[PDB]
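For reference, the structure discussed in these notes is given below.
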Amino acid sequence: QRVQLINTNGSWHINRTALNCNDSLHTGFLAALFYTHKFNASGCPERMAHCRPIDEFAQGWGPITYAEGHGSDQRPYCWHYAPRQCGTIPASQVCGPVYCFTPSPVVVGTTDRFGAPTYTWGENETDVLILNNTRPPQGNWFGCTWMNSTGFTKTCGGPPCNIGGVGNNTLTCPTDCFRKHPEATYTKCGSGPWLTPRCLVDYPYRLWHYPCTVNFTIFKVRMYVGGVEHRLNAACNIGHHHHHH
Amino acid sequence: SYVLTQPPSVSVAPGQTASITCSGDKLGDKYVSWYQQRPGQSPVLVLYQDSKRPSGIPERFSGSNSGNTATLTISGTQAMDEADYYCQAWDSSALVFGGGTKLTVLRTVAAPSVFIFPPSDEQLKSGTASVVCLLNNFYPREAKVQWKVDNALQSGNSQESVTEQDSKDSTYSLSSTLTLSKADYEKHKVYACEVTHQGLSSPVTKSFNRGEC
Amino acid sequence: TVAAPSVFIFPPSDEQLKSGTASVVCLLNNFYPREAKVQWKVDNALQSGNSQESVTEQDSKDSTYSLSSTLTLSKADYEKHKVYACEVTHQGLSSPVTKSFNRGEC
Amino acid sequence: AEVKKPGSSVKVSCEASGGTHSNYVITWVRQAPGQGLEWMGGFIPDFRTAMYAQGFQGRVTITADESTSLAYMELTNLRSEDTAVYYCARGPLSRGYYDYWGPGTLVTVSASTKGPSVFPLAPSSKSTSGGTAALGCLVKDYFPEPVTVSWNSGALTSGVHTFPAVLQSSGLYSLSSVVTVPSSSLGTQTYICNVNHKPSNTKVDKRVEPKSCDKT
Amino acid sequence: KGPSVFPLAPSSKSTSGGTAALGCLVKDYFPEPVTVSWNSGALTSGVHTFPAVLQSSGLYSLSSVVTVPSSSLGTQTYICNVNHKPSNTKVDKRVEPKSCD
Ligand SMILES: *[C@@H]1O[C@H](CO)[C@@H](O[C@@H]2O[C@H](CO)[C@@H](O[C@@H]3O[C@H](CO[C@@H]4O[C@H](CO)[C@@H](O)[C@H](O)[C@@H]4O)[C@@H](O)[C@H](O[C@@H]4O[C@H](CO)[C@@H](O)[C@H](O)[C@@H]4O)[C@@H]3O)[C@H](O)[C@H]2NC(C)=O)[C@H](O)[C@H]1NC(C)=O
Ligand SMILES: *[C@@H]1O[C@H](CO)[C@@H](O[C@@H]2O[C@H](CO)[C@@H](O[C@@H]3O[C@H](CO)[C@@H](O)[C@H](O)[C@@H]3O)[C@H](O)[C@H]2NC(C)=O)[C@H](O)[C@H]1NC(C)=O
Ligand SMILES: *[C@@H]1O[C@H](CO)[C@@H](O[C@@H]2O[C@H](CO)[C@@H](O)[C@H](O)[C@H]2NC(C)=O)[C@H](O)[C@H]1NC(C)=O
Ligand SMILES: *[C@@H]1O[C@H](CO)[C@@H](O[C@@H]2O[C@H](CO)[C@@H](O)[C@H](O)[C@H]2NC(C)=O)[C@H](O)[C@H]1NC(C)=O
Ligand SMILES: *[C@@H]1O[C@H](CO)[C@@H](O)[C@H](O)[C@H]1NC(C)=O
Ligand SMILES: *[C@@H]1O[C@H](CO)[C@@H](O)[C@H](O)[C@H]1NC(C)=O
C-alpha cells in the first residue's frame, strides 16, 4: 500500500528483514509459529504472577518525572516495564520483522550505516537497524519490539514517566496510569505497544511475541495523537472490568 | 506417538440430536478444530478453537471441550448433514487428524399416492390412446407398477420415467405411460393400475371404465 | 441338451501354509446352462464377500461353461473350523450337491 | 489419471507470496481412499524455513520460487501406498487451524513388477467309478499380465482349462489351471505345470502328485 | 413437428381433502429440450416435470403434472405452456375438468 525510508506501512514489507534465526536451543520457539497453546497449558500464571494486577502503587505526586534509567533483565510479558532508549541494533540479533508502533503498527527494515537500503536478508555482518526512538509529536515512533535470535523477545521505547511512594511503593507506568497522574495519556507516557494495562495493539505477529495473550479478544478503537487521527484494532481481554473507562 | 479416536459411525433420526466425540490424552488443553468432508469434496471448516464458529455455518452446529473428550453436537439434523467428520489437534510440533466418523441420517418411509388419467378425447381422435399412471412423493426408490386391461397383464408397450430425489423431503416420483392403437383401446372395458411398494399393507388398485363419462 | 455340473474341491497346499495364507478353490467342470451359484459354508455356517469367481467360454465343438470359486482365508484362520464344504445349485441335479473335506486327516 | 511409474517423483504446487507479507502458513495433506487424513509438512512464506513430518522425512522437500509466486513440494521414490489425493490448505499465521482447502490432486502408481508364485492342488485320492480326477496348478500374486501355462512341455492339451486372470484385492492378479485325467493313469504318468512370465524372465516348473494320507 | 399437448384431466370428483392432480403430456417432439411452464410461469409448489423418455420410433415424450387442492378447481383455472426451440413454437392449453354428466 505504501513504502518509505523506513516505514513499510500499509501492511506490506518485502524482504529487507533479517532472517538470522538459530535452532541450537531446543526450546523450538520457531516451531511454535503454527499453533499456540492454551493459557493454562503453557505455564503462564507463574510468569504472570510477578507483577501487581490492578492497584500497584498510588500517587507519585503531580510532577511527571523522566528517569528512564535502564530496564534490561525482566522479560516484557506483563505491562510492567521501564524500557530503555535504543537507537541502533546490529542486524545479527534479529529473527523476523521488527514491528514498530506509531502506535499504528509499522515495520522497519535493514539499512546501511549511511542509510542505503540493503537487500541481503540481514545475512551480511555489516547490516544494522537504525531506529532513533522519538515521540510522534517530534517524529518517529514511541518504541517497539522484535525477537532475538536465541528465542527471547525484546522491547525498547522512550523514557517512562515515574511515580512512587516510600514503602517500596514505586509504580513506573509505561502507559495509561490515567487515574494515578494528572491525566497521563498514551500520547505522552506511552512507550511500547501496551495501550492500557489490559490491552495490546494487535499486529499479525502479536501471538508470537506475547503468547500469554492468546485468550485476548478483538476490538476496534479510534485514537487521536497530537493533531492527527488513527484508526486501529486493539486486543483487550474481558477480564472482569468496565471497559468504558 | 499421539493418536485420536472417535466412534466409527453414528446414526440419528431427523429432528434429533447426534453426538460425536473426539477422545485423547489430556485433550482439554488443546485447541481442536472440526472438519466436515462430503463425498468427493474438499473438507471445509465447521468449528475452530472448541466453540467459535465461522461465518456461513448454521447455528445448529455446536461444540464443547473438557476433560478428555471434545463434542460436536448437531441439533435438528436433516438429510443435508450426512458426511464424514474429522477432529484435529496439535501436539509435539506435529499435526494429528482423528479417525473419520461417518454420520448417516436414516430416512422415513412414505406411502405413495397413485393417480390414473384416462386418455384424452383429442388424442383419441389422432388414432393413439395414452394412459398414464402417476406415483409421487414416495420412498424408498424400489416401487413396482403393474398394468391390467380387463384382468389381462401388460408386458412391454410401457415407459417408466423417474425424477431426481428431493433434498428437503427425500422422495421420488414415477410416471408410467401405456400406449395403444385406437382399435385396440376401444375393445376393452375396465382399466386398472396396480402399485406394490413398501409402506402399503396390500397393493393398491386405481381403476376406471371407459365410456362412462 | 442340459448337462449337470461336476464339482471338485482342492484343499490348500502344504507350502502356502508356510506363507501365512490359505486359499481353497471350488471348481465347476463343463455344464451347459450358464446360471449357477456356489455357497461357501465352513462349520455349517455360510460366508460371502471374501470369494471370487471366473468363467471361460464354451469352446467351438461344445456349449458348456466352466467356473471356479476361490476362497481366501487369512493366516491362522484356516487353523480352525475342522469341516469345510462347497455347495452348488443348478438345474438337472435332483437336489443341491455338497462336496466337503475334513481339515484333519489330509 | 496418468499412473506414475514407481521410483519416480511428483510435484504439488500451491500459490505462494511473491516476496511480501503473507499472513498465512501453507501445509499439505493427503487422503488415501477411505483412510482419513495425514500431514506431511508446512511452510511460512515470511520465514523460508520449512517443517517436515516424521513419517515422510526422507522423501519430501519443500521449496518455493518468489518470482513465480508459487511454492511446491517434491516427493521422491513413490510406492504403491503413495496413491491418494493431495490437498493444500492455508490457515492463519498463528491460530493453527486450516481453512480454505484448495482443490485436490489425484496421483496413481501401479504397484511393482515381480514374478508369480506357483502352488499345487492335490487331486482326490479316493477311488471313483467314473475314473476321472482333476489336477490343478495355481499361479497367483503376479504383475503385470499376461502369463502362459502349459503341461508336460505343452505335449498335453486334451482337457486343459485355463481360467482368465481375476484381479485380486491387493492389486496383483490370480489365475488357475486345471486338467481332468483318468484316475488309473495317476501314478504311472508324470504331471508338470509349466509357468512362464516374460516381464520378469521367470520360468518355474512344479510337479503335482496325489498328496499323502499318512499311508505314504 | 408436433407439440401435442394433451390435457390430463383430474378425477371425476375426488371430492375430499385428497388434493387432486392434473397435467399436460407433450409427445412426438424433437430435438430436446422443451420448457413447460404453468400460469404465467409463476407456479413452483408441487410441480413435477419427469425426464424425457425415448419413444419407440426415435421420438421423445415428457409429462408434467401439478397437485392442486380439490376446492380450487371450481373457480381457479390452469394453463400449460410448452416451448420447443427448434420449432420456435409456444403452445398454450387449458386443462379443464371433465364434464362428468
Ligand atoms: C530483496 O529486495 C527485493 C524485495 O523487494 C528483491 O529484489 C527486488 O524486489 C522485487 C521483489 O520484491 C523484485 O521482483 C520484481 O520486482 C518488481 C515487482 O516486485 C515487487 O513486489 C511488488 C509486487 O507484488 C511490487 O509492487 C514492488 O514494486 C516490488 O518491486 C519487478 O521487478 C518484477 O515484477 C514483474 O516482472 C516483470 C519481469 O521483469 C517486470 O518487468 C514487471 O514489472 C512485472 O511487474 C518483479 O516482481 C525486483 O525485481 C527486485 N529487484 C532487484 C534489483 O533486486 C530481492 O528479493 C532482494 N534484492 C534486492 C536487490 O532488492
Ligand atoms: C537475545 O536476548 C535473549 C534474552 O533472553 C538472550 O538470552 C539472554 O542472555 C543473557 C545474556 O547472555 C542471559 O543472562 C546472562 O547470561 C550469561 C550466562 O549465559 C551470564 O553472563 C549472566 O550472568 C546471565 O546469566 C539470559 O539467559 C537471557 N536473558 C533473559 C532470559 O532475560 C540472548 O542470548 C540474546 N541473544 C544475543 C544477545 O545474541
Ligand atoms: C540513533 O542511534 C543512536 C542513538 O543515539 C546513535 O548512534 C550512536 O552511535 C555511537 C557510535 O557507535 C554510540 O555512541 C552509540 O552506538 C549510539 N548512541 C547512543 C545509543 O546514544 C545515533 O546518533 C542516533 N541518531 C540520531 C538520534 O539522530
Ligand atoms: C556485506 O558486508 C561487506 C562488509 O561491509 C560489504 O561487502 C562489500 O560489497 C560492496 C558491494 O555491495 C563493495 O563495496 C565491497 O566489495 C565490499 N566491501 C566493502 C567494504 O565495500 C558490504 O557492505 C555488504 N554488502 C553486501 C551486499 O554483501
Ligand atoms: C545455530 O545453531 C547451531 C545448531 O543448530 C549452533 O551451531 C549455533 O548455536 C548456531 N550456529 C552458529 C554458527 O553459531
Ligand atoms: C486452567 O483452567 C482453570 C481456570 O483458569 C485453572 O484453575 C487451572 O489451573 C487450569 N487448568 C485446568 C484444567 O483447570
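So you can find residues: chains in the C-alpha cells are A, B, ... in the order shown, residues in each start at 1, and ligands are numbered from 1 in order.
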Site check for ligand 4: residues at most 6 Å away, only C-alpha atoms and all ligand atoms, as a list in words: residues 124, 125 and 126 of chain A
Distance-based interface of chain B with chain A, 10 Å, counting only C-alpha atoms, as a PyMOL selection string: chain B and resi 28-31+89-95
With C-alpha atoms retained, could you export that selection as a tab-separated table (two decimals), in the first residue's frame?
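Output file selection.tsv is given in full below:
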```tsv
chain	number	residue	atom	x	y	z
B	28	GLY	CA	-8.80	-30.49	27.40
B	29	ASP	CA	-5.70	-28.31	27.00
B	30	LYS	CA	-5.60	-28.44	23.18
B	31	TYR	CA	-7.31	-26.26	20.57
B	89	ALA	CA	-5.28	-31.11	17.41
B	90	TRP	CA	-1.64	-30.06	17.71
B	91	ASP	CA	0.96	-31.81	19.83
B	92	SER	CA	4.75	-32.11	19.97
B	93	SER	CA	5.13	-29.85	16.93
B	94	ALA	CA	3.19	-32.32	14.78
B	95	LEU	CA	-0.33	-32.45	13.36
```
All residues having an atom within 12 Å of ligand 2 (only C-alpha atoms and all ligand atoms) as a PyMOL selection string: chain A and resi 20-22+24-25+71-77+89-95+145-155
Secondary structure check, strand (DSSP E or B) residues of stretch 45-240 of chain A, as JSON, numbers by chain: {"A": [65, 66, 88, 89, 90, 94, 95, 96, 98, 99, 100, 101, 105, 106, 107, 108, 111, 117, 128, 129, 130, 143, 144, 145, 146, 147, 148, 152, 153, 154, 155, 156, 157, 161, 162, 164, 170, 199, 200, 217, 218, 219, 220, 221, 222, 223, 224, 225, 228, 229, 230, 231, 232, 233, 234, 235, 236]}
Output as a PDB file with N, CA, C and O atoms, in the first residue's frame the set of chain E residues within 12 Å of chain B, with distances taken over only C-alpha atoms.
```pdb
ATOM      1  N   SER E   4     -48.271 -31.276 -29.483  1.00  0.00           N
ATOM      2  CA  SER E   4     -49.168 -32.319 -28.999  1.00  0.00           C
ATOM      3  C   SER E   4     -49.352 -32.260 -27.490  1.00  0.00           C
ATOM      4  O   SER E   4     -48.967 -33.194 -26.781  1.00  0.00           O
ATOM      5  N   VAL E   5     -49.918 -31.167 -26.990  1.00  0.00           N
ATOM      6  CA  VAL E   5     -50.220 -31.031 -25.569  1.00  0.00           C
ATOM      7  C   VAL E   5     -51.625 -31.585 -25.336  1.00  0.00           C
ATOM      8  O   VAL E   5     -52.611 -31.056 -25.856  1.00  0.00           O
ATOM      9  N   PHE E   6     -51.711 -32.679 -24.579  1.00  0.00           N
ATOM     10  CA  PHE E   6     -52.971 -33.369 -24.334  1.00  0.00           C
ATOM     11  C   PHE E   6     -53.354 -33.215 -22.873  1.00  0.00           C
ATOM     12  O   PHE E   6     -52.568 -33.613 -22.000  1.00  0.00           O
ATOM     13  N   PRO E   7     -54.520 -32.665 -22.546  1.00  0.00           N
ATOM     14  CA  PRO E   7     -54.859 -32.471 -21.134  1.00  0.00           C
ATOM     15  C   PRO E   7     -54.914 -33.792 -20.389  1.00  0.00           C
ATOM     16  O   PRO E   7     -55.385 -34.803 -20.913  1.00  0.00           O
ATOM     17  N   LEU E   8     -54.430 -33.775 -19.154  1.00  0.00           N
ATOM     18  CA  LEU E   8     -54.591 -34.887 -18.225  1.00  0.00           C
ATOM     19  C   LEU E   8     -55.625 -34.423 -17.204  1.00  0.00           C
ATOM     20  O   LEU E   8     -55.284 -33.878 -16.154  1.00  0.00           O
ATOM     21  N   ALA E   9     -56.895 -34.630 -17.529  1.00  0.00           N
ATOM     22  CA  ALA E   9     -57.961 -34.075 -16.716  1.00  0.00           C
ATOM     23  C   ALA E   9     -57.973 -34.731 -15.336  1.00  0.00           C
ATOM     24  O   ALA E   9     -57.531 -35.871 -15.178  1.00  0.00           O
ATOM     25  N   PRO E  10     -58.476 -34.035 -14.322  1.00  0.00           N
ATOM     26  CA  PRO E  10     -58.497 -34.599 -12.972  1.00  0.00           C
ATOM     27  C   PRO E  10     -59.604 -35.631 -12.821  1.00  0.00           C
ATOM     28  O   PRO E  10     -60.486 -35.775 -13.668  1.00  0.00           O
ATOM     29  N   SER E  11     -59.545 -36.349 -11.703  1.00  0.00           N
ATOM     30  CA  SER E  11     -60.513 -37.397 -11.433  1.00  0.00           C
ATOM     31  C   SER E  11     -61.932 -36.847 -11.520  1.00  0.00           C
ATOM     32  O   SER E  11     -62.164 -35.637 -11.450  1.00  0.00           O
ATOM     33  N   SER E  12     -62.891 -37.761 -11.677  1.00  0.00           N
ATOM     34  CA  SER E  12     -64.281 -37.361 -11.868  1.00  0.00           C
ATOM     35  C   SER E  12     -64.707 -36.366 -10.798  1.00  0.00           C
ATOM     36  O   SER E  12     -65.044 -35.215 -11.096  1.00  0.00           O
ATOM     37  N   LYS E  13     -64.702 -36.797  -9.539  1.00  0.00           N
ATOM     38  CA  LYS E  13     -64.941 -35.892  -8.422  1.00  0.00           C
ATOM     39  C   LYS E  13     -63.735 -35.794  -7.500  1.00  0.00           C
ATOM     40  O   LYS E  13     -63.199 -34.697  -7.311  1.00  0.00           O
ATOM     41  N   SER E  14     -63.272 -36.913  -6.941  1.00  0.00           N
ATOM     42  CA  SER E  14     -62.208 -36.906  -5.936  1.00  0.00           C
ATOM     43  C   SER E  14     -62.444 -35.807  -4.902  1.00  0.00           C
ATOM     44  O   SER E  14     -61.512 -35.144  -4.443  1.00  0.00           O
ATOM     45  N   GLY E  18     -58.328 -34.923  -0.246  1.00  0.00           N
ATOM     46  CA  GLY E  18     -57.345 -35.592  -1.072  1.00  0.00           C
ATOM     47  C   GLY E  18     -56.950 -34.798  -2.299  1.00  0.00           C
ATOM     48  O   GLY E  18     -57.463 -35.049  -3.394  1.00  0.00           O
ATOM     49  N   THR E  19     -56.073 -33.813  -2.111  1.00  0.00           N
ATOM     50  CA  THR E  19     -55.557 -32.996  -3.202  1.00  0.00           C
ATOM     51  C   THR E  19     -55.447 -33.810  -4.483  1.00  0.00           C
ATOM     52  O   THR E  19     -54.867 -34.898  -4.493  1.00  0.00           O
ATOM     53  N   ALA E  20     -56.020 -33.282  -5.563  1.00  0.00           N
ATOM     54  CA  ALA E  20     -56.028 -33.961  -6.848  1.00  0.00           C
ATOM     55  C   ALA E  20     -54.801 -33.562  -7.662  1.00  0.00           C
ATOM     56  O   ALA E  20     -53.992 -32.727  -7.253  1.00  0.00           O
ATOM     57  N   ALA E  21     -54.662 -34.166  -8.839  1.00  0.00           N
ATOM     58  CA  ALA E  21     -53.526 -33.907  -9.706  1.00  0.00           C
ATOM     59  C   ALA E  21     -54.005 -33.756 -11.139  1.00  0.00           C
ATOM     60  O   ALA E  21     -54.973 -34.394 -11.560  1.00  0.00           O
ATOM     61  N   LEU E  22     -53.313 -32.901 -11.886  1.00  0.00           N
ATOM     62  CA  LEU E  22     -53.602 -32.692 -13.294  1.00  0.00           C
ATOM     63  C   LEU E  22     -52.305 -32.317 -13.991  1.00  0.00           C
ATOM     64  O   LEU E  22     -51.350 -31.861 -13.358  1.00  0.00           O
ATOM     65  N   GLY E  23     -52.278 -32.517 -15.303  1.00  0.00           N
ATOM     66  CA  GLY E  23     -51.049 -32.270 -16.032  1.00  0.00           C
ATOM     67  C   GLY E  23     -51.279 -32.275 -17.524  1.00  0.00           C
ATOM     68  O   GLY E  23     -52.386 -32.524 -18.008  1.00  0.00           O
ATOM     69  N   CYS E  24     -50.203 -31.985 -18.250  1.00  0.00           N
ATOM     70  CA  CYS E  24     -50.198 -31.962 -19.705  1.00  0.00           C
ATOM     71  C   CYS E  24     -49.110 -32.897 -20.212  1.00  0.00           C
ATOM     72  O   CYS E  24     -48.033 -32.994 -19.616  1.00  0.00           O
ATOM     73  N   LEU E  25     -49.401 -33.586 -21.309  1.00  0.00           N
ATOM     74  CA  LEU E  25     -48.500 -34.566 -21.898  1.00  0.00           C
ATOM     75  C   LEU E  25     -47.981 -34.033 -23.225  1.00  0.00           C
ATOM     76  O   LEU E  25     -48.759 -33.842 -24.165  1.00  0.00           O
ATOM     77  N   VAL E  26     -46.674 -33.808 -23.303  1.00  0.00           N
ATOM     78  CA  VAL E  26     -46.013 -33.416 -24.541  1.00  0.00           C
ATOM     79  C   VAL E  26     -45.439 -34.674 -25.176  1.00  0.00           C
ATOM     80  O   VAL E  26     -44.797 -35.485 -24.497  1.00  0.00           O
ATOM     81  N   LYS E  27     -45.685 -34.850 -26.472  1.00  0.00           N
ATOM     82  CA  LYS E  27     -45.347 -36.089 -27.156  1.00  0.00           C
ATOM     83  C   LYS E  27     -44.909 -35.790 -28.583  1.00  0.00           C
ATOM     84  O   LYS E  27     -45.215 -34.733 -29.141  1.00  0.00           O
ATOM     85  N   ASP E  28     -44.185 -36.742 -29.168  1.00  0.00           N
ATOM     86  CA  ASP E  28     -43.725 -36.679 -30.555  1.00  0.00           C
ATOM     87  C   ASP E  28     -43.125 -35.310 -30.876  1.00  0.00           C
ATOM     88  O   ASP E  28     -43.633 -34.548 -31.700  1.00  0.00           O
ATOM     89  N   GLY E  46     -45.351 -27.998  -5.630  1.00  0.00           N
ATOM     90  CA  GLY E  46     -45.969 -29.238  -6.072  1.00  0.00           C
ATOM     91  C   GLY E  46     -46.032 -29.391  -7.575  1.00  0.00           C
ATOM     92  O   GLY E  46     -47.058 -29.834  -8.108  1.00  0.00           O
ATOM     93  N   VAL E  47     -44.954 -29.041  -8.274  1.00  0.00           N
ATOM     94  CA  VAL E  47     -44.859 -29.182  -9.722  1.00  0.00           C
ATOM     95  C   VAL E  47     -43.765 -30.191 -10.029  1.00  0.00           C
ATOM     96  O   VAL E  47     -42.658 -30.095  -9.489  1.00  0.00           O
ATOM     97  N   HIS E  48     -44.073 -31.155 -10.893  1.00  0.00           N
ATOM     98  CA  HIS E  48     -43.110 -32.156 -11.324  1.00  0.00           C
ATOM     99  C   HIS E  48     -43.068 -32.200 -12.842  1.00  0.00           C
ATOM    100  O   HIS E  48     -44.107 -32.131 -13.504  1.00  0.00           O
ATOM    101  N   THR E  49     -41.859 -32.319 -13.388  1.00  0.00           N
ATOM    102  CA  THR E  49     -41.646 -32.469 -14.827  1.00  0.00           C
ATOM    103  C   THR E  49     -40.697 -33.648 -15.018  1.00  0.00           C
ATOM    104  O   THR E  49     -39.484 -33.515 -14.836  1.00  0.00           O
ATOM    105  N   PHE E  50     -41.252 -34.801 -15.379  1.00  0.00           N
ATOM    106  CA  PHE E  50     -40.454 -36.009 -15.469  1.00  0.00           C
ATOM    107  C   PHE E  50     -39.471 -35.913 -16.635  1.00  0.00           C
ATOM    108  O   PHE E  50     -39.746 -35.250 -17.636  1.00  0.00           O
ATOM    109  N   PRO E  51     -38.318 -36.575 -16.533  1.00  0.00           N
ATOM    110  CA  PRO E  51     -37.350 -36.523 -17.633  1.00  0.00           C
ATOM    111  C   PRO E  51     -37.930 -37.093 -18.916  1.00  0.00           C
ATOM    112  O   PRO E  51     -38.776 -37.988 -18.899  1.00  0.00           O
ATOM    113  N   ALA E  52     -37.462 -36.555 -20.038  1.00  0.00           N
ATOM    114  CA  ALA E  52     -37.934 -37.012 -21.336  1.00  0.00           C
ATOM    115  C   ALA E  52     -37.594 -38.483 -21.535  1.00  0.00           C
ATOM    116  O   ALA E  52     -36.560 -38.976 -21.076  1.00  0.00           O
ATOM    117  N   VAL E  53     -38.484 -39.187 -22.228  1.00  0.00           N
ATOM    118  CA  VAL E  53     -38.334 -40.610 -22.497  1.00  0.00           C
ATOM    119  C   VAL E  53     -38.277 -40.817 -24.004  1.00  0.00           C
ATOM    120  O   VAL E  53     -39.010 -40.169 -24.760  1.00  0.00           O
ATOM    121  N   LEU E  54     -37.398 -41.718 -24.435  1.00  0.00           N
ATOM    122  CA  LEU E  54     -37.207 -42.006 -25.853  1.00  0.00           C
ATOM    123  C   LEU E  54     -38.329 -42.916 -26.337  1.00  0.00           C
ATOM    124  O   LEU E  54     -38.415 -44.078 -25.931  1.00  0.00           O
ATOM    125  N   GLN E  55     -39.182 -42.394 -27.213  1.00  0.00           N
ATOM    126  CA  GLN E  55     -40.282 -43.175 -27.753  1.00  0.00           C
ATOM    127  C   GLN E  55     -39.744 -44.315 -28.617  1.00  0.00           C
ATOM    128  O   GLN E  55     -38.538 -44.455 -28.840  1.00  0.00           O
ATOM    129  N   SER E  56     -40.661 -45.147 -29.112  1.00  0.00           N
ATOM    130  CA  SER E  56     -40.255 -46.321 -29.877  1.00  0.00           C
ATOM    131  C   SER E  56     -39.561 -45.924 -31.175  1.00  0.00           C
ATOM    132  O   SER E  56     -38.446 -46.377 -31.460  1.00  0.00           O
ATOM    133  N   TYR E  60     -39.418 -38.310 -28.751  1.00  0.00           N
ATOM    134  CA  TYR E  60     -39.300 -38.022 -27.331  1.00  0.00           C
ATOM    135  C   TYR E  60     -40.678 -37.769 -26.731  1.00  0.00           C
ATOM    136  O   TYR E  60     -41.611 -37.351 -27.424  1.00  0.00           O
ATOM    137  N   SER E  61     -40.797 -38.031 -25.432  1.00  0.00           N
ATOM    138  CA  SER E  61     -42.041 -37.795 -24.716  1.00  0.00           C
ATOM    139  C   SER E  61     -41.718 -37.333 -23.304  1.00  0.00           C
ATOM    140  O   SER E  61     -40.726 -37.757 -22.708  1.00  0.00           O
ATOM    141  N   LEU E  62     -42.573 -36.460 -22.778  1.00  0.00           N
ATOM    142  CA  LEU E  62     -42.383 -35.905 -21.448  1.00  0.00           C
ATOM    143  C   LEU E  62     -43.743 -35.523 -20.887  1.00  0.00           C
ATOM    144  O   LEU E  62     -44.640 -35.110 -21.625  1.00  0.00           O
ATOM    145  N   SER E  63     -43.887 -35.664 -19.575  1.00  0.00           N
ATOM    146  CA  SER E  63     -45.138 -35.364 -18.898  1.00  0.00           C
ATOM    147  C   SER E  63     -44.877 -34.443 -17.718  1.00  0.00           C
ATOM    148  O   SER E  63     -43.909 -34.628 -16.975  1.00  0.00           O
ATOM    149  N   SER E  64     -45.747 -33.452 -17.554  1.00  0.00           N
ATOM    150  CA  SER E  64     -45.699 -32.528 -16.432  1.00  0.00           C
ATOM    151  C   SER E  64     -47.027 -32.579 -15.697  1.00  0.00           C
ATOM    152  O   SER E  64     -48.089 -32.669 -16.318  1.00  0.00           O
ATOM    153  N   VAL E  65     -46.961 -32.528 -14.372  1.00  0.00           N
ATOM    154  CA  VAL E  65     -48.134 -32.670 -13.523  1.00  0.00           C
ATOM    155  C   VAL E  65     -47.987 -31.746 -12.329  1.00  0.00           C
ATOM    156  O   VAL E  65     -46.871 -31.467 -11.878  1.00  0.00           O
ATOM    157  N   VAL E  66     -49.118 -31.287 -11.810  1.00  0.00           N
ATOM    158  CA  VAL E  66     -49.161 -30.451 -10.619  1.00  0.00           C
ATOM    159  C   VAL E  66     -50.298 -30.921  -9.726  1.00  0.00           C
ATOM    160  O   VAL E  66     -51.382 -31.262 -10.212  1.00  0.00           O
ATOM    161  N   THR E  67     -50.047 -30.948  -8.420  1.00  0.00           N
ATOM    162  CA  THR E  67     -51.068 -31.283  -7.436  1.00  0.00           C
ATOM    163  C   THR E  67     -51.721 -30.001  -6.934  1.00  0.00           C
ATOM    164  O   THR E  67     -51.030 -29.078  -6.490  1.00  0.00           O
ATOM    165  N   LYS E  93     -52.465 -24.519 -23.547  1.00  0.00           N
ATOM    166  CA  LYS E  93     -53.681 -25.310 -23.448  1.00  0.00           C
ATOM    167  C   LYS E  93     -54.270 -25.158 -22.055  1.00  0.00           C
ATOM    168  O   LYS E  93     -53.544 -24.995 -21.070  1.00  0.00           O
ATOM    169  N   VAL E  95     -56.375 -26.929 -19.116  1.00  0.00           N
ATOM    170  CA  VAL E  95     -56.678 -28.266 -18.608  1.00  0.00           C
ATOM    171  C   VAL E  95     -57.932 -28.133 -17.749  1.00  0.00           C
ATOM    172  O   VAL E  95     -57.873 -27.954 -16.533  1.00  0.00           O
ATOM    173  N   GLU E  96     -59.077 -28.237 -18.392  1.00  0.00           N
ATOM    174  CA  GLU E  96     -60.346 -28.087 -17.698  1.00  0.00           C
ATOM    175  C   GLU E  96     -60.850 -29.438 -17.200  1.00  0.00           C
ATOM    176  O   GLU E  96     -60.500 -30.482 -17.758  1.00  0.00           O
ATOM    177  N   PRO E  97     -61.674 -29.458 -16.157  1.00  0.00           N
ATOM    178  CA  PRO E  97     -62.187 -30.736 -15.657  1.00  0.00           C
ATOM    179  C   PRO E  97     -63.202 -31.343 -16.608  1.00  0.00           C
ATOM    180  O   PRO E  97     -63.881 -30.645 -17.364  1.00  0.00           O
ATOM    181  N   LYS E  98     -63.298 -32.669 -16.559  1.00  0.00           N
ATOM    182  CA  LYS E  98     -64.265 -33.377 -17.384  1.00  0.00           C
ATOM    183  C   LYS E  98     -65.685 -33.048 -16.942  1.00  0.00           C
ATOM    184  O   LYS E  98     -65.952 -32.803 -15.762  1.00  0.00           O
ATOM    185  N   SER E  99     -66.606 -33.039 -17.908  1.00  0.00           N
ATOM    186  CA  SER E  99     -67.988 -32.669 -17.610  1.00  0.00           C
ATOM    187  C   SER E  99     -68.608 -33.632 -16.606  1.00  0.00           C
ATOM    188  O   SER E  99     -69.263 -33.212 -15.645  1.00  0.00           O
ATOM    189  N   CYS E 100     -68.405 -34.934 -16.809  1.00  0.00           N
ATOM    190  CA  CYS E 100     -68.849 -35.963 -15.867  1.00  0.00           C
ATOM    191  C   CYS E 100     -70.370 -35.974 -15.713  1.00  0.00           C
ATOM    192  O   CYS E 100     -70.905 -36.080 -14.609  1.00  0.00           O
ATOM    193  N   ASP E 101     -71.070 -35.887 -16.839  1.00  0.00           N
ATOM    194  CA  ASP E 101     -72.531 -35.916 -16.844  1.00  0.00           C
ATOM    195  C   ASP E 101     -73.036 -36.771 -17.994  1.00  0.00           C
ATOM    196  O   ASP E 101     -72.247 -37.292 -18.779  1.00  0.00           O
TER     197      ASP E 101
END
```
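Remark: for chain D, the closest of the candidate residues C:71, C:88, C:36, C:42 is C:71 (distances computed over only C-alpha atoms).
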Surrounding residues of stretch 48-52 of chain C excluding itself and chain neighbours under 4 positions, 7 Å, only C-alpha atoms, as a ChimeraX atom specification: /C:69-72
Next, write the just-selected residues to a file, as a CSV table (one decimal), in the first residue's frame, keeping N, CA, C and O atoms as the atom set.
```csv
chain,number,residue,atom,x,y,z
C,69,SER,N,-14.4,-71.0,-8.0
C,69,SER,CA,-14.7,-70.1,-6.9
C,69,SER,C,-13.6,-70.2,-5.9
C,69,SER,O,-13.5,-71.2,-5.2
C,70,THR,N,-12.7,-69.3,-5.8
C,70,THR,CA,-11.5,-69.3,-4.9
C,70,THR,C,-11.8,-68.5,-3.7
C,70,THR,O,-12.2,-67.3,-3.7
C,71,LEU,N,-11.7,-69.2,-2.5
C,71,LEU,CA,-12.0,-68.6,-1.2
C,71,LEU,C,-10.7,-68.4,-0.5
C,71,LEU,O,-9.9,-69.3,-0.3
C,72,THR,N,-10.4,-67.1,-0.1
C,72,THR,CA,-9.1,-66.8,0.5
C,72,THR,C,-9.3,-66.6,2.0
C,72,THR,O,-10.2,-65.9,2.4
```
